[PDB]
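The structure appears below as structure tokens.
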Amino acid sequence: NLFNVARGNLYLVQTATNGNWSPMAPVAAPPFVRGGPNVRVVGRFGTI
Amino acid sequence: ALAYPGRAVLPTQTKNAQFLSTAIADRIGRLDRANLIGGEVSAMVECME
């Protein structure tokens, strides 16, 4: 992190929060993981 | 782009994209570069295209 490189994955949820916020160290729980319930992995090329 | 249908970008459900999504990924480029001498041109490459 001293060399402007972050480890770990990246979330793109929205939140309309007014209070404190920190993308570096989010105190709250992650919204989901890869093997979790109702979550699904996209295939190759993201075909809509 | 015409050489390598495996390198296609498949944005939407094109009917071509219905076919090109079935493409096995490691079926592309060279497979056996049968070279003999380092620094000299390879004798016989073996590529899928």
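Taking each residue of region A:28-48 that is within 14 Å of chain B (Cβ to nearest Cβ) and looking for partners that are outside any loop (DSSP other than H, G, I, E, B) with beta-carbon atoms closer than 7 Å, six or more apart or interchain, yields A:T47/B:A17.
Criterion applied to B:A43, B:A3, B:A25 was being small (G, A, S) and facing chain A (nearest Cβ under 9 Å), and the one residue passing it is B:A25.
Within region B:1-47, the residues that satisfy the criterion of being in contact with a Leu (Cβ under 9 Å, 6 or more places away or on another chain) and assigned to a loop (DSSP other than H, G, I, E, B) are B:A8, B:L10, B:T14, B:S21, B:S42, B:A43.
Cβ coordinates were reconstructed from backbone atoms using ideal geometry, including for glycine residues, and neighbour counts include every protein chain displayed. Read-outs: derived from the displayed coordinates by stated rules, not from any lab.
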